Amino acid sequence: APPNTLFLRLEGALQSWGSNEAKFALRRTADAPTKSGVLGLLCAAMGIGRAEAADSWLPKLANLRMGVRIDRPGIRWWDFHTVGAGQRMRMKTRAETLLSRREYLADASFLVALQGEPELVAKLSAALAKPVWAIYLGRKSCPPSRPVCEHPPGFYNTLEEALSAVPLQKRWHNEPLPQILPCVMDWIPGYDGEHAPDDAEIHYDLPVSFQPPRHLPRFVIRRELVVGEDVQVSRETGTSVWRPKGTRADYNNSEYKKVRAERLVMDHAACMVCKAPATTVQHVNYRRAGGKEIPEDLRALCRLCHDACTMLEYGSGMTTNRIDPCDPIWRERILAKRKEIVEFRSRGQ
Amino acid sequence: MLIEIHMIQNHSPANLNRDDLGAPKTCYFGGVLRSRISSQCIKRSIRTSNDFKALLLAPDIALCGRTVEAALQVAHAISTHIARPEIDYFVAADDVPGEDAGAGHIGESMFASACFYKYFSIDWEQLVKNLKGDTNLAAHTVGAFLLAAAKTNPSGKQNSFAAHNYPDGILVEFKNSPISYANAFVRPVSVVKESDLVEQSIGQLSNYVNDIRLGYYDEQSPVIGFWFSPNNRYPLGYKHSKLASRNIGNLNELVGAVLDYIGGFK
Amino acid sequence: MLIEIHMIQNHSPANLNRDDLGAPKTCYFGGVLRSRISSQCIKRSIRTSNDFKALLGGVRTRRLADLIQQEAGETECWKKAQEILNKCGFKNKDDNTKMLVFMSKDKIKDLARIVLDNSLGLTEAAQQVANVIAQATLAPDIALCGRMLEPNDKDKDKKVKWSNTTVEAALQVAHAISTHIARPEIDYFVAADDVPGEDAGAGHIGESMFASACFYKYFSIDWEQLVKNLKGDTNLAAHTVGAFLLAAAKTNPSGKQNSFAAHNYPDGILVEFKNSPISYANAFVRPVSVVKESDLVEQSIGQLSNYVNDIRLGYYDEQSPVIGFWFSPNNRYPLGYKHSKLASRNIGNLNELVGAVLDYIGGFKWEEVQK
Amino acid sequence: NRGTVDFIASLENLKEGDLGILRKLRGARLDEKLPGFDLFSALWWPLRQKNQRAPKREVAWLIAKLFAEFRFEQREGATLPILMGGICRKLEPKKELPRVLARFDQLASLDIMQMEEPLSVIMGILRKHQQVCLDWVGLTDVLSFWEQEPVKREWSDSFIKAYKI
RNA sequence: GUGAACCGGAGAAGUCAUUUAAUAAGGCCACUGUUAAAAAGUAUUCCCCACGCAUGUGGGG
Ligand SMILES: [Zn+2]
């Protein structure tokens, strides 16, 4: 059972599949990817020029059957667009500014199923794995945010089960999902029902050429799917909003229990400030704590000097860095804290 | 193969792009409203720069547009956080005293500060076929565009706000299928006391790059990328199995590394 | 060539700039709320300062007919001047036209000369009037700030077509953001009655708003566009630059200064000579907190020095070295106790800083160019 | 949140001598007046050893000083925004309400290190109306995650819900 | 190489001027840290290195 259909994921921050009714400086768009637009995307991915497209490639690929499922409808967003500001414009020339207003779709995603010849689908997918040219979503200022070559080809019978095959991928966990997903699919005669129903509407996106752009109409129908029954909700990948590493804390750990022994050996079991016999070790340079402990930034200390340094660190600021003995600074405050500890701390506690 | 430049740039409060009413241009993403800079504004500001023109069939006609189809590709500059427009109440003054302390004019202008994410794409095959097999000039104009895009800004309302900022993170990658990383900032960046606006944006970019490297980009073909911040100000994914192949601390070194990959030219 | 000045200035509790509701102006930078001073406020306070008085040669007024009458003496021409001003597309709403007009003060005598004589007709004189306002650009303040003037079209004389009446700005001034978080404060004030009565109440009760902050000021001057704005007057351009530096350093905006008197001097000035403008406002994307071991100004200067080092090391180019001077009074505040290498020259006197700036600019001396 | 409960219970168990010691240290650091440092270390250190979670040191210090100055019986269901809204509702709606609301809304702008006096004025307004209870556990939990946006959102929403009814 | 490609909404600006939160006040009243104790001790000092019948001397920690 060789695969017979190809799936396209069309999702980007900004999208614009232009409609037939623009014809002027009001560049509009359609609610779904047009057939001519995705055909031009395919021809750009295969490296076929505009003149070369009109002879064989477009008539060959116009025999496929296409259906688009809506994953996210998006929001239509306009854009004021001036041309030739501070510069002349063609036709002789004129020092003038051209005003226009463009329309894009924002935060939208579509799934396109294109059933056809298995060799055609295989060659098309092979071309789409490494596109010849940069493929955008309608306009050149709309690059895709997801790989078009994402979903694998397969063999199915109807377009409804084809759009049922691919699960719906969820964003962040709180985000809700659409409950009724509209599918817009090409009308199929079947050679028995020769006359289309009255709900079938004409769209004008059957292409012939691209340099003298020519289109013909086609009958398009619109049905719907129910999520869960027809499309299973996929689960998001392992991800999170980036947070700075809050490190960890663990002394029971045997590796630190031996690093402190190495430190007490290497400073010869003596304090750095008052040179009394050492009791513990202060953990200066708290970065790389727990798993990447280097017995260099640690400094052995007695109980009174360690308590004084902890008193100084609890007061004032406190960040990943610490207060390091052997510094010529902070000596006077450490000695004052030593005096206060000696003359004020009560052992009855 | 395709070259892709991703850019993170925070701007001081200004109005770098307007509309028919004066408001900064915006867009919609992640369920919220983000600030925006239109792609044609960035392309024009890159193209007409005097330092760029004095630097380098024509190289600008080969890179940009005028069937001559450009290999350049500038996307709309989305913002990694929820937009925050603001109104400034201005009053004009008169140097000549009158019967009252009138102003002369009263009004409101708009401004907004944002940390924009920029995406760029250069098609190497179209560029080399545009110049009829020439390669050294192609690398030269790629480097010229890299320096220009790293050191340029739009001129909108810059006599009053002067937002002459510099980028704080650049990521240059080589791969075939074009994918942008705007999906990283689907969740808007919210600041915390233990980080900056640029730091969290760079970290979220690193997280998204790590997740997509664990996913679609299998061992079919390795992906080569270079990460740059000034004097190694911000790391993209500290260690993290070397998410970025290099860490650079000068623009010239990144330009030379990219040139030496693409052709080995110097 | 561009001269860029970055300043750090801590202010006493005051309300130097406020919006329509009286609150001090704020902005959102780096996701955090900071205090702001509008750029036009700084530009006006420098322009109308005592230290810039020798260079003030332009007036931005709405009542030009009043100046015409006050410079014509006693001969009555005020209605006539208003009529000719209306003929060149300016309108008239009770002795003040609908638009402000920027024009050097030296040309009011010429306008008086055209308005006085009845030898010429009306409409042609209106055209002549335009030719004086389109060429009254030889002022230091017009050269610095820049002027654009677009007259009306529904009441023009059809024979008064205008020349180019714009001047590109030779000075870019940013909005003075704060280096730390915003801390707005409310001052609950009362106003008492000097005459005793029955009750103990006072005349008025209200609340004002004030805040104290450390501001980061950024200015940029384009020397080539400056000397083009004054038509090659390099001497006068250098005089403007020196006087502007003195006024910017030694003047503060006069907002609510009779109740707060926050006349604080800057604690650090960095003057750089470049070819492309760079702003160090991203030094304070992370707001400046306070540690007991230091103070606000020293921490701000250290953060600025760290970001300047980052920028210089990450954007070094051997083709365009950058020369900068650091100024602090009697070298009280150096550029951080970590590098001692980002400042090419350390200056402790403001006058010496101005003289060195002028000598780098053109080799002139200050006392030569002051007149 | 059991560590916070143990912290608050140990705070209520304090005698009057160390309460006066803490009262004398309002507005101060942690590096001076050694008896305060020793008492705070005795209060806070056993929480980390047994309980994996523990309130932040700055939050715990602020809570201890505020409890020393403004001794309140800990009771579940008496969060600060609810009591503040109940006080604000029985006010003159033209002059006093904007002033007191501004003093309340000043709080949701700073960090932990500067909330002492803006919280002390709030506790003074509470003590003016003779309160006898305050949810120290909920206030500590909210103050711990003060940088999360839904925390401030729920703080303001609870205040508005208590104000409206 | 897509109703596509080539494609700035830009230029101008101070929210200013005026002001006391004033007037009254006690944290008071009651309290034993008490009960018991030698700084003494010879039967192998925790370790290096020169000689000996001594039933140990010398130097080092
Ligand atoms: Zn010690």
# chains A, B, ... in the order shown; residues from 1 in each chain; ligands from 1

$ residues_near_ligand --ligand "ligand 1" --cutoff "10 Å" --atoms "only C-alpha atoms (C1' of nucleotides) and all ligand atoms" --output "NGL selection string"
:A and (270-279 or 300-309 or 334-335 or 338)

$ interface_residues --of "chain E" --to "chain B" --cutoff "9 Å" --atoms "only C-alpha atoms (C1' of nucleotides)" --output "count of residues only"
13

$ residues_around --residues "residue D:144" --least-positions-apart "6" --cutoff "8 Å" --atoms "only C-alpha atoms (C1' of nucleotides)" --output "list in words"
residues 55, 56 and 59 of chain D

$ residues_around --residues "residue A:162" --least-positions-apart "4" --cutoff "12 Å" --atoms "only C-alpha atoms (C1' of nucleotides)" --output "number ranges by chain"
A: 3-8, 65-69, 111-115, 151-158, 166-167, 183, 185, 225, 230-231

$ write_last_selection --atoms "N, CA and C atoms" --output "PDB file, in the first residue's frame"
ATOM      1  N   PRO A   3       1.882   5.185  -0.389  1.00  0.00           N
ATOM      2  CA  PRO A   3       1.135   6.411  -0.083  1.00  0.00           C
ATOM      3  C   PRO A   3       0.626   7.097  -1.342  1.00  0.00           C
ATOM      4  N   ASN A   4      -0.500   7.799  -1.192  1.00  0.00           N
ATOM      5  CA  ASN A   4      -1.153   8.452  -2.316  1.00  0.00           C
ATOM      6  C   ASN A   4      -1.452   9.930  -2.104  1.00  0.00           C
ATOM      7  N   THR A   5      -1.256  10.472  -0.903  1.00  0.00           N
ATOM      8  CA  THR A   5      -1.569  11.868  -0.632  1.00  0.00           C
ATOM      9  C   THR A   5      -0.431  12.511   0.145  1.00  0.00           C
ATOM     10  N   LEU A   6      -0.313  13.828   0.007  1.00  0.00           N
ATOM     11  CA  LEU A   6       0.717  14.603   0.683  1.00  0.00           C
ATOM     12  C   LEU A   6       0.049  15.615   1.600  1.00  0.00           C
ATOM     13  N   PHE A   7       0.647  15.847   2.763  1.00  0.00           N
ATOM     14  CA  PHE A   7       0.092  16.759   3.752  1.00  0.00           C
ATOM     15  C   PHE A   7       1.006  17.964   3.917  1.00  0.00           C
ATOM     16  N   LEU A   8       0.401  19.150   3.932  1.00  0.00           N
ATOM     17  CA  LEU A   8       1.091  20.422   4.096  1.00  0.00           C
ATOM     18  C   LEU A   8       0.632  21.076   5.388  1.00  0.00           C
ATOM     19  N   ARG A  65      -6.667  16.211  -5.975  1.00  0.00           N
ATOM     20  CA  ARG A  65      -7.815  16.603  -5.167  1.00  0.00           C
ATOM     21  C   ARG A  65      -7.350  17.160  -3.829  1.00  0.00           C
ATOM     22  N   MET A  66      -7.815  18.366  -3.504  1.00  0.00           N
ATOM     23  CA  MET A  66      -7.271  19.175  -2.422  1.00  0.00           C
ATOM     24  C   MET A  66      -8.344  19.493  -1.389  1.00  0.00           C
ATOM     25  N   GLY A  67      -7.979  19.372  -0.113  1.00  0.00           N
ATOM     26  CA  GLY A  67      -8.852  19.782   0.975  1.00  0.00           C
ATOM     27  C   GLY A  67      -8.097  20.387   2.142  1.00  0.00           C
ATOM     28  N   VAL A  68      -8.620  21.462   2.731  1.00  0.00           N
ATOM     29  CA  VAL A  68      -7.924  22.205   3.777  1.00  0.00           C
ATOM     30  C   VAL A  68      -8.745  22.157   5.058  1.00  0.00           C
ATOM     31  N   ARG A  69      -8.120  21.710   6.140  1.00  0.00           N
ATOM     32  CA  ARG A  69      -8.725  21.702   7.463  1.00  0.00           C
ATOM     33  C   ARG A  69      -8.185  22.872   8.275  1.00  0.00           C
ATOM     34  N   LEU A 111      -4.138  22.731   7.533  1.00  0.00           N
ATOM     35  CA  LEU A 111      -3.638  21.451   7.048  1.00  0.00           C
ATOM     36  C   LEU A 111      -4.189  21.202   5.653  1.00  0.00           C
ATOM     37  N   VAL A 112      -3.308  20.920   4.701  1.00  0.00           N
ATOM     38  CA  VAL A 112      -3.697  20.741   3.305  1.00  0.00           C
ATOM     39  C   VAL A 112      -3.427  19.295   2.913  1.00  0.00           C
ATOM     40  N   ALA A 113      -4.455  18.614   2.414  1.00  0.00           N
ATOM     41  CA  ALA A 113      -4.334  17.255   1.906  1.00  0.00           C
ATOM     42  C   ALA A 113      -4.497  17.294   0.395  1.00  0.00           C
ATOM     43  N   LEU A 114      -3.502  16.770  -0.318  1.00  0.00           N
ATOM     44  CA  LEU A 114      -3.434  16.812  -1.778  1.00  0.00           C
ATOM     45  C   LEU A 114      -3.278  15.382  -2.290  1.00  0.00           C
ATOM     46  N   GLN A 115      -4.403  14.712  -2.525  1.00  0.00           N
ATOM     47  CA  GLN A 115      -4.382  13.337  -3.000  1.00  0.00           C
ATOM     48  C   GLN A 115      -4.167  13.292  -4.507  1.00  0.00           C
ATOM     49  N   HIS A 151       4.368  16.205   8.251  1.00  0.00           N
ATOM     50  CA  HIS A 151       3.528  15.026   8.392  1.00  0.00           C
ATOM     51  C   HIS A 151       3.776  14.048   7.252  1.00  0.00           C
ATOM     52  N   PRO A 152       3.848  12.755   7.552  1.00  0.00           N
ATOM     53  CA  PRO A 152       4.227  11.775   6.533  1.00  0.00           C
ATOM     54  C   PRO A 152       3.079  11.492   5.582  1.00  0.00           C
ATOM     55  N   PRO A 153       3.379  11.063   4.359  1.00  0.00           N
ATOM     56  CA  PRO A 153       2.316  10.677   3.424  1.00  0.00           C
ATOM     57  C   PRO A 153       1.682   9.354   3.825  1.00  0.00           C
ATOM     58  N   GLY A 154       0.534   9.071   3.214  1.00  0.00           N
ATOM     59  CA  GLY A 154      -0.183   7.846   3.504  1.00  0.00           C
ATOM     60  C   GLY A 154      -1.166   7.511   2.403  1.00  0.00           C
ATOM     61  N   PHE A 155      -1.897   6.419   2.616  1.00  0.00           N
ATOM     62  CA  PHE A 155      -2.901   5.938   1.674  1.00  0.00           C
ATOM     63  C   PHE A 155      -4.249   5.879   2.379  1.00  0.00           C
ATOM     64  N   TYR A 156      -5.221   6.627   1.861  1.00  0.00           N
ATOM     65  CA  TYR A 156      -6.563   6.689   2.429  1.00  0.00           C
ATOM     66  C   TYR A 156      -7.561   6.706   1.274  1.00  0.00           C
ATOM     67  N   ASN A 157      -8.844   6.853   1.600  1.00  0.00           N
ATOM     68  CA  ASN A 157      -9.908   6.792   0.605  1.00  0.00           C
ATOM     69  C   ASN A 157     -10.605   8.135   0.412  1.00  0.00           C
ATOM     70  N   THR A 158     -11.140   8.720   1.476  1.00  0.00           N
ATOM     71  CA  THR A 158     -11.838   9.994   1.403  1.00  0.00           C
ATOM     72  C   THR A 158     -11.006  11.087   2.061  1.00  0.00           C
ATOM     73  N   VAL A 166      -4.174  13.123  10.816  1.00  0.00           N
ATOM     74  CA  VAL A 166      -3.190  13.924  11.542  1.00  0.00           C
ATOM     75  C   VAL A 166      -3.789  14.477  12.829  1.00  0.00           C
ATOM     76  N   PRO A 167      -3.170  14.223  13.979  1.00  0.00           N
ATOM     77  CA  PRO A 167      -3.681  14.779  15.235  1.00  0.00           C
ATOM     78  C   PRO A 167      -3.471  16.282  15.310  1.00  0.00           C
ATOM     79  N   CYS A 183     -13.623  22.218   7.429  1.00  0.00           N
ATOM     80  CA  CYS A 183     -12.851  21.750   6.294  1.00  0.00           C
ATOM     81  C   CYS A 183     -13.457  22.323   5.021  1.00  0.00           C
ATOM     82  N   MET A 185     -13.182  21.769   1.062  1.00  0.00           N
ATOM     83  CA  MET A 185     -12.679  20.748   0.158  1.00  0.00           C
ATOM     84  C   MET A 185     -13.297  20.906  -1.222  1.00  0.00           C
ATOM     85  N   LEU A 225     -15.633  19.114  11.014  1.00  0.00           N
ATOM     86  CA  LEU A 225     -15.162  17.973  11.783  1.00  0.00           C
ATOM     87  C   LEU A 225     -15.275  18.285  13.268  1.00  0.00           C
ATOM     88  N   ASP A 230     -13.063  12.885  15.519  1.00  0.00           N
ATOM     89  CA  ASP A 230     -12.401  12.810  14.224  1.00  0.00           C
ATOM     90  C   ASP A 230     -10.899  13.040  14.305  1.00  0.00           C
ATOM     91  N   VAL A 231     -10.459  14.044  15.059  1.00  0.00           N
ATOM     92  CA  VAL A 231      -9.044  14.356  15.221  1.00  0.00           C
ATOM     93  C   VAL A 231      -8.715  14.292  16.705  1.00  0.00           C
TER      94      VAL A 231
END

$ residues_around --residues "stretch 238-245 of chain C" --least-positions-apart "4" --cutoff "8 Å" --atoms "only C-alpha atoms (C1' of nucleotides)" --output "compact mmCIF listing (two decimals) with N, CA, C and O atoms, in the first residue's frame"
# COMPACT_ATOMS: atom_id res chain seq x y z
N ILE C 46 17.40 74.18 27.82
CA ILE C 46 18.72 74.58 27.36
C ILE C 46 18.63 75.82 26.48
O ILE C 46 19.44 76.75 26.62
N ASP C 51 22.92 80.84 30.04
CA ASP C 51 24.21 80.53 29.44
C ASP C 51 24.15 80.39 27.93
O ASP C 51 25.20 80.29 27.29
N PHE C 52 22.95 80.37 27.35
CA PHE C 52 22.76 80.33 25.90
C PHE C 52 22.21 81.64 25.35
O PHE C 52 21.79 81.68 24.19
N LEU C 55 23.35 83.34 22.04
CA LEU C 55 23.11 82.61 20.81
C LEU C 55 21.63 82.56 20.43
O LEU C 55 21.30 82.06 19.36
N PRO C 140 21.13 80.16 15.45
CA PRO C 140 21.65 78.96 16.12
C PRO C 140 20.57 78.00 16.61
O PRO C 140 20.74 76.78 16.52
N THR C 234 31.87 77.88 10.61
CA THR C 234 32.49 76.94 11.55
C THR C 234 32.74 77.59 12.90
O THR C 234 32.59 76.93 13.94
N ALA C 249 25.03 71.30 30.82
CA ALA C 249 25.59 70.86 32.09
C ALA C 249 25.07 71.68 33.26
O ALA C 249 24.87 71.15 34.36
N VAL C 354 35.35 71.46 28.16
CA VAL C 354 34.83 72.20 27.02
C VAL C 354 35.96 72.62 26.09
O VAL C 354 35.84 72.54 24.86
N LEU C 358 36.44 71.49 22.19
CA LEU C 358 36.59 72.45 21.10
C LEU C 358 37.89 72.23 20.33
O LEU C 358 37.93 72.35 19.10
N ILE C 361 37.46 69.40 18.16
CA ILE C 361 36.51 69.72 17.09
C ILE C 361 37.21 70.47 15.96
O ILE C 361 37.10 70.09 14.79
N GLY C 362 37.93 71.53 16.28
CA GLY C 362 38.59 72.28 15.23
C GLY C 362 39.92 72.92 15.58
O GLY C 362 40.48 73.67 14.78
N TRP C 366 38.55 78.52 23.44
CA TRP C 366 37.21 78.93 23.86
C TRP C 366 37.04 80.44 23.82
O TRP C 366 36.03 80.95 23.32
N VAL C 369 36.35 81.94 20.41
CA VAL C 369 35.08 81.63 19.76
C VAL C 369 33.88 82.18 20.53
O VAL C 369 32.77 82.22 19.97
N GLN C 370 34.08 82.65 21.76
CA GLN C 370 32.97 83.18 22.54
C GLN C 370 32.39 84.46 21.94
O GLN C 370 31.26 84.83 22.27
N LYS C 371 33.12 85.12 21.05
CA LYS C 371 32.59 86.27 20.33
C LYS C 371 32.83 86.13 18.83
O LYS C 371 32.14 85.38 18.14

$ interface_residues --of "chain C" --to "chain D" --cutoff "9 Å" --atoms "only C-alpha atoms" --output "ChimeraX atom specification"
/C:33,181-184

$ write_last_selection --atoms "N, CA, C and O atoms" --output "compact mmCIF listing (two decimals), in the first residue's frame"
# COMPACT_ATOMS: atom_id res chain seq x y z
N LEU C 33 8.85 50.05 35.10
CA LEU C 33 8.40 51.44 35.03
C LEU C 33 9.51 52.36 35.52
O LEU C 33 10.01 52.21 36.64
N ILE C 181 14.02 51.81 39.23
CA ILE C 181 12.56 51.75 39.22
C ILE C 181 11.97 53.12 39.55
O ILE C 181 12.64 54.02 40.08
N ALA C 182 10.69 53.29 39.21
CA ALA C 182 9.97 54.51 39.53
C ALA C 182 9.38 54.42 40.93
O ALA C 182 8.84 53.39 41.32
N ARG C 183 9.49 55.51 41.68
CA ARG C 183 8.96 55.60 43.04
C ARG C 183 8.15 56.88 43.16
O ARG C 183 8.63 57.88 43.71
N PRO C 184 6.92 56.89 42.64
CA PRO C 184 6.10 58.10 42.73
C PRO C 184 5.61 58.33 44.16
O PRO C 184 5.28 57.38 44.88

$ interface_residues --of "chain B" --to "chain C" --cutoff "7 Å" --atoms "only C-alpha atoms" --output "PyMOL selection string"
chain B and resi 12-13+89+94-96+104+113+159-162+164-165+191+196-197+230-231+249-251

$ write_last_selection --atoms "C-alpha atoms" --output "compact mmCIF listing (two decimals), in the first residue's frame"
# COMPACT_ATOMS: atom_id res chain seq x y z
CA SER B 12 14.57 52.47 24.10
CA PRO B 13 11.11 54.16 24.25
CA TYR B 89 1.20 65.04 26.23
CA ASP B 94 5.31 80.97 22.63
CA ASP B 95 8.28 83.25 23.28
CA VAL B 96 6.11 86.40 23.00
CA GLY B 104 -0.02 77.82 20.92
CA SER B 113 9.51 50.35 23.93
CA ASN B 159 15.11 63.56 16.25
CA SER B 160 12.90 63.40 19.36
CA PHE B 161 13.50 59.94 20.88
CA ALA B 162 16.94 58.88 19.55
CA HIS B 164 20.12 54.25 18.67
CA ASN B 165 20.36 50.87 20.35
CA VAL B 191 10.17 39.90 33.53
CA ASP B 196 16.53 41.13 32.06
CA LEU B 197 14.20 41.47 29.10
CA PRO B 230 29.09 41.58 22.57
CA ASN B 231 32.06 40.43 24.69
CA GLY B 249 32.32 38.20 21.21
CA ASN B 250 32.98 40.48 18.23
CA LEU B 251 31.08 41.18 15.02
